[PDB]
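# Descriptive structure summary
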Amino acid sequence: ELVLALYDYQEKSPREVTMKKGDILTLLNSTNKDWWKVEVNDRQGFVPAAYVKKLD
């Protein structure tokens, strides 16, 4: 309960931003205007983050 990926995304292999099921992940803006930045483990996220959890 926070901001699940809503699927998994899985960028490419267990290296880059790759979610699974719903392990959730942090992020910085890009919820309404943008949607290609997050923070799963302190890094320049590149996941969709669209229609996640409308987190303020």
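Residues numbered from 1 in each chain as written, not as in the entry; some residues may be left out. Heavy atoms only, no water.

### Describing the overall build of the protein
Broken down by element type, the protein carries 0 helices and 0 strands. Here the C-alpha atoms of the protein give a radius of gyration of 10 Å, agreeing with the 10 Å that 2.2 N^0.38 yields for 56 residues. Along the three orthogonal principal directions, the C-alpha set of the protein runs to about 30 × 20 × 15 Å. Across the 56 residues in the protein, those meeting the buried criterion constitute 21%. A fraction of 26% describes how many contacts in the protein between residues 6 or more apart in sequence connect residues 24 or more apart. About 4,600 Å² of surface is accessible on the protein, with carbon and sulfur atoms providing 50% of the total. (Helix = DSSP H or I, 4+ residues; strand = E, 2+ residues; numbered from the N terminus. Rg over C-alpha atoms; globule rule 2.2 N^0.38 Å. Buried < 20%, exposed > 50% of the residue type's maximum accessible area, 1.4 Å probe, protein only. Contact = heavy atoms within 4.5 Å. Areas by Shrake-Rupley, 256 points an atom, 1.4 Å probe, with all protein chains shown as cover.)

### Some thoughts on the packing of aromatic side chains
In the structure shown here, the tally under the stated rule is 1 aromatic pair. With centroids separated by 5.2 Å and ring planes inclined at 40 degrees, the aromatic side chains of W35 and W36 adopt a geometry described as tilted. By relative accessible area, which is 43% here, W36 ends up partly exposed. (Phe/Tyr/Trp six-rings, centres within 6.5 Å; stacked < 30°, edge-to-face > 60°.)

### A word on unusual backbone geometry
Although it is not a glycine, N29 sits at a positive phi angle of roughly 60 degrees. Residue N29 is classed as exposed on the basis of its relative accessible area of 56%. For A49, which is not a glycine, the phi torsion comes out positive at approximately 65 degrees.

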